[PDB]
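Below, in structure tokens: the form deposited in one PDB entry, a single chain.
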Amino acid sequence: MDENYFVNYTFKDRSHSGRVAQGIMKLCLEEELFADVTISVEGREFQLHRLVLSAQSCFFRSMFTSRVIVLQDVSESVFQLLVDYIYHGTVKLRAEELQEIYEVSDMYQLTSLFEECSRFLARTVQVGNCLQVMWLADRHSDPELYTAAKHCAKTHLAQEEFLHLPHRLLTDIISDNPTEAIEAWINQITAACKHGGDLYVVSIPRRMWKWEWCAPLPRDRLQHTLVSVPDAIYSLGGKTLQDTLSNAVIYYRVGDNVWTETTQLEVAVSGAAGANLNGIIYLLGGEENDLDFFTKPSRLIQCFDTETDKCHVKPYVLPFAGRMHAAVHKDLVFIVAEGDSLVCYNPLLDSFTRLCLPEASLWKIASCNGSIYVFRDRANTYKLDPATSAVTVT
């Protein structure tokens, strides 16, 4: 550069963003000052602030720049929590006032909340309300929610809202007993993985069968993970033939039966659980190195970026260490192990959620299109609804 620290340099305060954020938090809601505006919703009056409202929302900037002002279609509760979000930044989302918050936060320019409610409305879509959600995602500019509504409309198309559905939506619904429904119209082994209906399985740790034959692994490993990224099957971690923990990662392109080598994990783990989340690979705990000569149950989270080919440890630790098995339901991973203590991990947010399990053996959690299926190692097929936390025997 051209800045002598002994003569002239510029100082960048990395704590400025937090300082102003908390200054707003403390000096706006806890004690009301410098309000300079008043907004009335359904009778209730909110003593807001012009600057904050027009700072992270361009509806209140384009609508303020160009005394008491009354809104048109928002509830007094929903708008109040919106105010909290625009002021605190941490709001409490609830499934009852979800359909409304989606629209009000969309017609306001609050993008982060718009995506948040989009994810909420996409992970709680039900076949009964699927078509209504599809119409909701049609009126508003939401492609991701539109596809999520399309899936539940397609994978359950066999079973009012569909009777009067316009042909425009029906074309997209049918693009991806179909004819009967459309008649009405608008009138041993070490590792393994499932790649779109191909139950690939790993004599010696080199054989692969699909039975059939495939290219052999470029490394002999045990207790190595295996994922099904849709565009190759990845192998990470493991224990070497010399009883030492592995640290290498290799692809497997389905088209060309070659295993390419790539970046190494920052922490060599074994027996970890693997979960692919929309192109990012999550390794779940495992048997980490201990005392430089043995292993220990571990609670560590490994985020490996497939597109960019990088690896990283998040500081957060799993609630229960040791061997674990995980599955991807929707937008998040459900993690279980022996102990009947199911946990839910949502990678986008920084938080877990614990849930009780029947006492009933190491559990084996799955993730079907319909719902979750937690198996027992000894205890029959189960199906639990995460919304109610209630499990029903098959």
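Numbering starts at 1 and runs along the sequence shown. Here the rigid core means the biggest group of C-alpha atoms that line up within 1.5 Å when the two forms are laid on top of each other.
Enquirer: Would you please confirm whether residue 347 lacks atomic coordinates in a third or more of the other entries that were compared?
Expert: No, none of the compared structures omit it.
Enquirer: Would you please confirm whether residue 166 lacks atomic coordinates in a third or more of the other entries that were compared?
Expert: Yes, a third or more of the compared structures omit it.
Enquirer: Missing residues between residue 176 and residue 177 in the deposited sequence, please: none, 1 to 3, 4 to 9, or 10 or more.
Expert: Missing in between: 4 to 9 residues.
Enquirer: I'd like the number of residues from the deposited sequence that lie between residue 14 and residue 15 yet are not in the model, binned as none, 1 to 3, 4 to 9, or 10 or more.
Expert: In the record, the chain runs straight from residue 14 to residue 15 with none unmodelled.
What comes next is about the form deposited in another entry, which does not appear here.
Enquirer: Can you tell which residue in 84, 266, 261, 305 has its CA shifted by 2 Å or more between the shown form and the other one when the core is superposed?
Expert: Result of the comparison: 84.
Enquirer: Quick check: residue 225 between the shown form and the other one - does its CA shift reach 2 Å or more after fitting the rigid core?
Expert: For residue 225, whose C-alpha is compared between the shown form and the other one after core superposition, the shift is less than 2 Å.
Enquirer: Using a rigid core alignment, state whether the CA of residue 283 is displaced by 2 Å or more between the shown form and the other one.
Expert: After core superposition, the C-alpha of residue 283 moves less than 2 Å between the shown form and the other one.
Enquirer: After the core is matched up, is the C-alpha of residue 251 off by 2 Å or more between the shown form and the other one?
Expert: Moves: no, less than 2 Å.
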